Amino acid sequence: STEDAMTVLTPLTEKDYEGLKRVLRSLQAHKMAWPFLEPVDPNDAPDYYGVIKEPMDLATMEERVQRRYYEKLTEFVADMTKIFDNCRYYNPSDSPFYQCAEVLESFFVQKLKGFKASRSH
């Protein structure tokens, strides 16, 4: 679709980055975002960094958004998707972390669809 190819192909502008920061800020303020605000503490999960290849967290993405790290929206979505995929990979489905990744990813998808619609019209 128009938004699909534009997500893959259209380079991010300074205007887009205003939308990326807003989406991220709305995630950081969500009540179920508490496990993803900062990197996982390895004292809380000893084997986490031995099994998770590419860890990710909202503070790392905030730094990358600040430094204009992302060139395409797909790269931004890929980093965010890693946060939730890493969580559901390491934790059981009845874990509070797992449940948070399910709620927050749905919330992110709602906000991402709003951002994609604002770039095209």
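If you superpose the two forms and keep the largest set of C-alpha atoms that fall within 1.5 Å, you have the rigid core. When you see a residue number, it is the position in the sequence shown, counting from 1.
Greater average departure of CA atoms from the shown form, over structures and residues in 9 other deposited structures of this protein after a core fit, characterises 3-11 among 3-11 and 110-118.
RMS Cα deviation from the shown model in 9 other deposited structures of this protein, rigid core fit, is larger for 38-46 than for the other stretch of the pair 79-87 / 38-46. Just going by the entry, 65-73 versus 40-48 on mean CA temperature factor gives the higher value to 40-48. When the C-alpha B-factors of 5-13 and 100-108 are averaged, 5-13 comes out higher. Taking only the listed residues 26, 60, 93, 86, the entry reports the highest CA temperature factor at 93.
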